[PDB]
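# Observations on chain architecture
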Amino acid sequence: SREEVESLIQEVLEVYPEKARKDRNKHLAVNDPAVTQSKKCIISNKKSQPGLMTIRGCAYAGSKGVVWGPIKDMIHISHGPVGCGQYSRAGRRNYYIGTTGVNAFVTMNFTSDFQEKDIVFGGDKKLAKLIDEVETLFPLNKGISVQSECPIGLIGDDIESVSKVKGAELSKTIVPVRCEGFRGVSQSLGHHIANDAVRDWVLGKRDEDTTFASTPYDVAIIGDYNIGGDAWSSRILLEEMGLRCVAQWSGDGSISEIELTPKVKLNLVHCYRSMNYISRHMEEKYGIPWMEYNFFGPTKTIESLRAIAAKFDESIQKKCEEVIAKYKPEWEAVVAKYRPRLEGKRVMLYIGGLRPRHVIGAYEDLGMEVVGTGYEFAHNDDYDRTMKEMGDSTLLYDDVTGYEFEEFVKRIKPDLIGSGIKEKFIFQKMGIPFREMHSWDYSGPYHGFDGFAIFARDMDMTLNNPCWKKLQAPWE
Amino acid sequence: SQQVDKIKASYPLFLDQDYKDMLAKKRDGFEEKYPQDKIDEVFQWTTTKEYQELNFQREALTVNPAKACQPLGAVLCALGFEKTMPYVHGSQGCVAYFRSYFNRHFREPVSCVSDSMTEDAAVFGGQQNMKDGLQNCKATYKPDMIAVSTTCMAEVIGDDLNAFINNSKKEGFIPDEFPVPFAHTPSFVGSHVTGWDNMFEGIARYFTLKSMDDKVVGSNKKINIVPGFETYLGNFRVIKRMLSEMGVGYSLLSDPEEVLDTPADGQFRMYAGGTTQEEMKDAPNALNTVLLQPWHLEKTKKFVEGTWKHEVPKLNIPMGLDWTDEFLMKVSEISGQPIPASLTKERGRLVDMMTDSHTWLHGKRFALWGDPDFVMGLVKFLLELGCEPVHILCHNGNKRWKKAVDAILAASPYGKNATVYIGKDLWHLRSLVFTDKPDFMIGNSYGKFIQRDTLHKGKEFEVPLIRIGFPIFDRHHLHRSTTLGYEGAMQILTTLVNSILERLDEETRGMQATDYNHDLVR
Amino acid sequence: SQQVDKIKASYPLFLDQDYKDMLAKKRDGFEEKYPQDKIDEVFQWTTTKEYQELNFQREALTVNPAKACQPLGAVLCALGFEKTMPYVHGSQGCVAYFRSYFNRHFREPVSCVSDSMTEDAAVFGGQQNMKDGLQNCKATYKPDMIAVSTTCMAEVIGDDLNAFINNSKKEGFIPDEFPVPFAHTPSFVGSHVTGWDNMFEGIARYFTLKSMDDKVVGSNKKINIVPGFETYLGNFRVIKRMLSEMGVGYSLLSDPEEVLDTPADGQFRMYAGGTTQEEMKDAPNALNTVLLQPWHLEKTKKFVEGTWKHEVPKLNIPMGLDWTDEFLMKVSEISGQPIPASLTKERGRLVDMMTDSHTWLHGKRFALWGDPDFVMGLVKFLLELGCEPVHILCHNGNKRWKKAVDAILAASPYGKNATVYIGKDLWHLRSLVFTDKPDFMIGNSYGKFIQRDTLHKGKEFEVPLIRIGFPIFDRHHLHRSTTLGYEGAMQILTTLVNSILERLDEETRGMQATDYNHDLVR
Ligand code: ICS
Ligand code: CLF
Ligand code: CLF
Ligand SMILES: [Fe+3]
Ligand SMILES: [Fe+3]
């Protein structure tokens, strides 16, 4: 019940002497579905306590590594020292189709490679020569973005002027993003700045152009980052219904799709946290309605497909019914094969924003009860959405400390834990099966009916692996 | 459509006909893709010599670098001391990236904390971040030493780490006796190896500067070993094993092998092994200090010679035959202990393997890259094997190191077609292997993309990659390997000769076309 | 035509145009070669299941076997004793073939002699042949012992080794106290492992049968270890290392480590190391004898139990995790010494590696072959990894081994699709891998052709080979590897995971076609 959960929370917090305990008590809570506003029990979107080994990232990670990186035909310059591009290079599986180095540059690392002279005297002229060199060596690029790492915002470099001058000179769009790491407390502000850059530099280049033929079935997938091909599966599912997916970004995204987005009739937002800003802006300016959708699990997929078909004519509704009837036997077979091997298992998740609350439907579709979820950068609305779907008497955490996660797992003792790479081996050494909830553990997709089979197979292969039974030596 | 019996992951599920039709529609309808003939023309242009001339005229753009920033090496150095917590003064995204990098290489948990400095600390400094973070890190993780490195935010503002730590001790956030050494690791100067050097110098300074009055050189009959930035656990293990075989006392400083290879037995061990504080304090009493990678341990060498008054030997990295022989002979001269029969037998076995594989290793052309000391050791070993290193790339190398490597190449007739490039990146090496094709590349995982590019020009133009170096992300447990000493040379020789033979078998597998050379015995 | 700058060997010198025209003219003029379409349809027919049904009905024809004859194992056993000479009573062609086989595998000198019996010796016997041969061998090569095996020629004619040796001693050709053990090794019975067993039983009989009056079990506080037919020096190394870490006194009978691993230091050594005769005469005094490969050490077990009176434990081969644990626990029980923390930590490291690699290892299908004990150990280790053995082939297996492996498969859930074949050759395995395609194959170099076969059907039907076993001819220095113990399990795990990842990288190297799954991090 709640008494033991609160006792465990207090016991874990006892380590923090005076102030860290007060800060961390606010981010730990116990679920209650009757609560609408999560601000009464949990507090998020706050600065992290120093020296606690947080798992959050920076604004540069949320801008370059999340929103702008997946755009294939654009060249993204990590303005600053070599480190951040190096570490952010190809470490995220935002899949795409293109020839790398010619018309695709997702896995490439472009940087200004700041030195001491650049720090002391600035790097605006270096950025100008950067842009000319990029244009001469990569002529098929369709635009350049300039993601600012820490030193650039610190030394007061003004890259908007050089970006505008170069855009005028070479007649190519150049998007300056001030995504310095010190800004904000996590990757969420990186999403906000990247969204503002898209709004102010890309979204309105065809506001006076009407050469695009439009159909009443025009939709745009917003916030689908094609992590292992989730966007492709969702897109095939939506096109089997008869809807034209005109735009798809950032995952497998081109600048042309972003430019054509204002012409669609609906905005299907997958990740609310990372693109709600542009969703509301497109509702306000162009009058395009948007909805949240969930393709993670057959039940949630069916519900989302029916909801999307609700606001089109009868043809679209009947095509949605036909798609559901077509894909029903496949996920029924997946459930039949994999439910007996997973019924009753307990899961705890700590991933990020949208995913920790959206995986719940397919986790339950296989019969596995979820007893704890948490975020690192989500806002209060994310928790408000989480309360309804999450079950009662479950532990919720924000900005988890590695110590906190360690001693929470040592008490709850679940059968499976889904988190990032920085906890994979920590939890592996404890005998608890682990799944990389972002990397999908170098597998996927997990979205759509096709992704449900892979998700079930991966859950089975990790949860019932023999290696988890051999951690204790027979003589010990 | 997914069949329940044979579930397909992304490959080759996206090879299905419906998916191809959907991607084709997406590309043709709204992507505004350039025509494919233009793509082919631009690719062929990028593989040309004129593109190489344009690429080598780069002065402001770096594409696909082969180096990292200082705090990563500082964290790796700090991980090598007992119950030590790496503490980065600056942003938290840096620590997230360092942890991700080291997890993806070692497949292990890596412990590092940050003080989480924000925009406020950019106007008023990071003093309170230091105090609160040091207190919290001491409270919840209970280390015996907190080793403080910096992030570029902290270097641009100009935070005084010494004053910050001293004030934190004075107020009462940490006990005055608690070891908190520090080092300045600017990311715009040098690379991760420089960060390792700075961290080691800082730790040595903190533990030895104000206690040199009672120190006598050689009073404890031990040899200090400083390994530098090392990501192969086999290297630490082999150094310890060969120094124990000779029966010489050693004190390996900054040994992280235990925390990087913790056993999985149902519990998480955040700390394991490492160099003790007593060892670090007793270091000035040793006979001498030997640096395995002197080309990025310059400031450590300066501090050891100036303060500890140790006549540091001029030794190259113990890679290959000759340099391992020089290392062993110098250790024998310093300690007075003769080289035993086991080491001689192991050297003879390496020579035997060389005699066995020389007919396959001769004349092979290699493009290799990595860290300065590792690259120079590999070049030396390749010269001993009769191979021809053609493209030697070191992004973080300097003019003096290039001159040393050129002198090494001049000593052998196999360095005639060798050019050493410093300050270049993997795009330069892509151009070099397209224009001056080698037989193989030797480098980290980032080279795999280059291989793909070569395969796009044609099978005959492909340059296979051999994964030796840091980081290796697409293979498992290669970090347990060895590169130093006779054992490391044996492993490198086996890797090289097996790569050559596997490539030869691949090229001659076609039936009735190239199968006449598909020999059972090679 | 050859260019002195770039000289071409057979590949690709026979790919130039003029050679192609010459070959085409010869083919079209003088071979009367079958039309190509006939060849393609015959190959396709060979890949079908009707051809599989015809193939598995074979009763008299053996195509590409997977075994050798007894005297090869006899020579290998004789090479494991100090200054011992493998003498083979029979024809010289047999010794030439044995020497060439072991030279190609180990890449080391292999010393073996024969009496070179001719037709007149066939008609009249080999008594004078063995007298002269023993005298010449002792005079020229100066061994301390001569271990005599037989060829099929001598086994058919009923050559009495005992009488011949006793007559040679009586007539003065060799000293009476010179040890000349013998074993009958008929090549038409069993295989090479049977010859190893017979040779070891003969040596043990010669040294212990007549001197068991003053022998007390457990007098010298040691455990005898009988390795059997082993072709990985790392296996002997790991067994000795693990026994020494436990502090257990042991006597590794038939230790061929040194004679197959001599250094290249300027001199040639015919003999090196080896089990000493004093160790053999003191063998009955040991606590107990442990057989590492019990499935071919049957006669040795009978002799040890019936004469030495040692209650030999029922242990499988110490391969994989569980069987290594059982071996260590049994050795601890016999010797009374606890398992040290080093081996517990090594087991933890192995379990950590399995935990890291389970994602890429789960569900993969393997077709493997080799010796009985080694094959069953691979089956067990693969089952522990979650892998699925589908085709298990042992040409030199029997019904009892089939039952044991069937029980092992039935214990695990990863053996529901596993079939075990005994008495089948590699042509049967070719049919199986064509009709029920596994992900990979695990065997010796002879499997490479099978891989070639699969590649001729298509890139999607190719079955890559992983080289574990005996003999390995087309790769260098793989006999250095380890398969036994935790170190062997780590090596096998690394090889399998990296093979899977390399295959995936090859499948995803197509630009714009399959490079979406060409991930840097795996
Ligand atoms: S963008 Fe966000 S951490 Fe919404 S920064 Fe992060 S590809 Fe996570 S839970 Mo990595 S808010 Fe996407 C995410 Fe979720 S990189 Fe991916 S998995 S749905
Ligand atoms: S919070 Fe984020 S990742 Fe950190 S620096 Fe800032 S944008 Fe970048 Fe960069 S080079 Fe290295 S990793 Fe830093 S110390 Fe600077
Ligand atoms: S001299 Fe020549 S190679 Fe020798 S047997 Fe005679 S034909 Fe043959 Fe054959 S199976 Fe083995 S290798 Fe012999 S013992 Fe018989
Ligand atoms: Fe690990
Ligand atoms: Fe050899």
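Conventions we followed
- Residues numbered from 1 in each chain as written, not as in the entry; some residues may be left out.
- Chains lettered and ligands numbered in written order.
- Part of a larger assembly, values for the part shown.
- Heavy atoms only, no water.
- UniProt positions renumbered as here; feature names shortened; annotations may be inferred.
- Helix = DSSP H or I, 4+ residues; strand = E, 2+ residues; numbered from the N terminus.
- Buried < 20%, exposed > 50% of the residue type's maximum accessible area, 1.4 Å probe, protein only.
- Contact = heavy atoms within 4.5 Å.
- Polar contact = N/O pair within 3.5 Å; in protein donor to acceptor, adjacent residues only side chain to side chain.
- Donors = N, O, S within 2.8 Å, 3.2 Å for Na, K, Ca; no water.
- Tetrahedral: all angles 85-135°; square planar, octahedral: opposite > 155°, others 65-115°.
- Pairing = 2+ DSSP bridges.
- Axes fitted to C-alpha atoms, helices over the stretch in contact; angles between N-to-C directions.
- Domains from an automatic or database assignment.
- Buried area = accessible area lost by both parts, 1.4 Å probe.
- Salt bridge = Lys/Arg side-chain N within 4 Å of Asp/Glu carboxyl O.
- Nonpolar A, V, L, I, M, F, W, Y, C, P; charged D, E, K, R; others polar.
- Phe/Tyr/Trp six-rings, centres within 6.5 Å; stacked < 30°, edge-to-face > 60°.

Per the deposited record, cryo-EM is how this structure was determined, to a resolution of 2.43 Å.

For the rest of this paragraph, the subject is the UniProt feature "binding site: [7Fe-Mo-9S-C-homocitryl] cluster" in chain A. Residues and elements named next belong to chain A. In the numbering used here, UniProt assigns the feature "binding site: [7Fe-Mo-9S-C-homocitryl] cluster" to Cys271 and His438. The greatest C-alpha distance among the residues just named is 13.1 Å, despite their covering 168 residues of sequence, which places them together in space. Its place among the elements puts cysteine 271 in the loop between strand 8 (266-269) and helix 12 (272-285). In this structure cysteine 271 comes out as buried when scored by relative accessible area, which is 13%.

Take the environment of C:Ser357 next. Here C:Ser357 is to be found in helix 16 (residues 341-361). Classification of C:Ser357 as buried rests on a relative accessible area of 0%. Sequence spacing of C:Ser357 and C:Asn498 is 141 residues, and the spatial spacing of their C-alpha atoms is 9.8 Å. Apart from the residues lying within four places of it in its own chain, the contact partners of C:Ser357 are B:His476, B:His477, C:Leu493 and C:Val497.

Turning our eyes to something else, we now look at the side chain of C:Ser332. Residue and element names in this part refer to chain C. Looking at where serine 332 falls in the secondary structure, it is placed in helix 15 (residues 322-335). Among the polar contacts listed, one links the side chain of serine 332 to the backbone oxygen of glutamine 337, at a separation of 2.7 Å. For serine 332, the contacting residues outside a window of four places in its chain are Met246, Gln337, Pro338 and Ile339.

Attention now goes to the coordination of the iron ion (ligand 4). Protein ligation of the iron ion (ligand 4) involves B:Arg107 (O), B:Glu108 (OE), C:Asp352 (OD) and C:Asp356 (OD), the donor distances falling in the range 2.2 to 2.4 Å. In this structure, the iron ion (ligand 4) is surrounded by 4 donor atoms whose angles at the metal cover 80 to 172 degrees, and the resulting shape is square planar. Note that B:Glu108 is positioned in the loop between helix 6 (92-106) and strand 3 (113-114) and C:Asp352 in helix 16, a pairing that runs across two chains. Both residues of the pair, B:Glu108 and C:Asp352, count as buried.

The next point concerns the sheet that holds strand 1 (residues 84-89) of chain C. All names here are of chain C. Ordered in space as 2-1-3, the 3 strands form an open sheet in which the pairing is parallel. Each edge of the open sheet carries a strand with a single partner, namely strand 2 (113-114) and strand 3 (145-150). Strand direction decides the pairing type here: strand 1 and strand 3, joined by 6 bridges, are parallel. Directly across from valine 88, in strand 3, lies its bridge partner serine 149. Of the strands in this sheet, strand 1 and strand 3 are in contact with helix 5 (residues 70-78), which crosses strand 1 at around 160 degrees.

Distances from the iron ion (ligand 5) to its protein donors, B:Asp356 (OD), C:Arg107 (O) and C:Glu108 (OE), fall within 2.3 to 2.5 Å. Both residues of the pair, C:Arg107 and C:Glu108, belong to the buried class.

Next up on the list: the domain arrangement of chain B. Residue and element names in this part refer to chain B. In terms of domains, chain B is made up of domain 1 (69-214), domain 2 (215-319), domain 3 (320-363 + 484-522) and domain 4 (364-469). A C-alpha centroid distance of 21 Å is found between domain 1 and domain 2. Taking both partners together, domain 1 and domain 2 bury about 3400 Å²; carbon and sulfur atoms supply 68% of that area. Considering only the side of domain 1, the residues that lose the most area to domain 2 are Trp196, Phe200 and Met212, jointly responsible for 17% of the buried surface there. Our count for the contact surface shared by domain 1 and domain 2 stands at 1 salt bridge. The salt bridge partner of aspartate 214 is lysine 215, with a shortest N-O separation of 2.9 Å. Applying the counting rule to domain 1 against domain 2 returns 14 residue pairs in polar contact. Of all the elements in the fold, those that place two or more residues in the side of domain 1 that touches domain 2 are helix 5 (70-78), strand 2 (84-89), helix 6 and helix 11 (192-208). No other element matches helix 11, which puts 12 residues into the side of domain 1 that touches domain 2. When its residues are assigned to classes, the side of domain 1 that touches domain 2 shows 20 nonpolar, 9 polar and 10 charged.

A:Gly444 connects to A:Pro445 through a cis peptide bond whose omega is 0 degrees. Relative to the elements of secondary structure, A:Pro445 occurs in the loop between strand 14 (434-436) and helix 20 (448-463). With an omega of 0 degrees, the peptide bond between B:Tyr11 and B:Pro12 qualifies as cis. Phi is positive for B:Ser254, close to 60 degrees, though the residue is something other than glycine. When you line up the elements, B:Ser254 lands in the loop between strand 6 (250-252) and helix 13 (277-282). Its identity as a non-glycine residue notwithstanding, C:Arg107 has a phi of 55 degrees, on the positive side. Of note, C:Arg107 is situated in the loop between helix 6 (92-106) and strand 2.

With that out of the way, let us pick up the packing of aromatic side chains. In the structure shown here, the tally under the stated rule is 59 aromatic pairs over all chains. Ring centres of A:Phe110 and A:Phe138 lie 5.1 Å apart, and the angle between their planes is 80 degrees; this geometry places the pair in the edge-to-face category. Of this pair, A:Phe110 sits in strand 3 (residues 110-111) while A:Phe138 sits in the loop between helix 6 (124-137) and strand 4 (144-148), and the two are 28 residues apart along the sequence. The burial state of A:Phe110 is the same as that of A:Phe138; both residues are buried. Their ring planes at 50 degrees and their centres at 5.9 Å tell us that C:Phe102 and C:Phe470 sit as a pair that is tilted.

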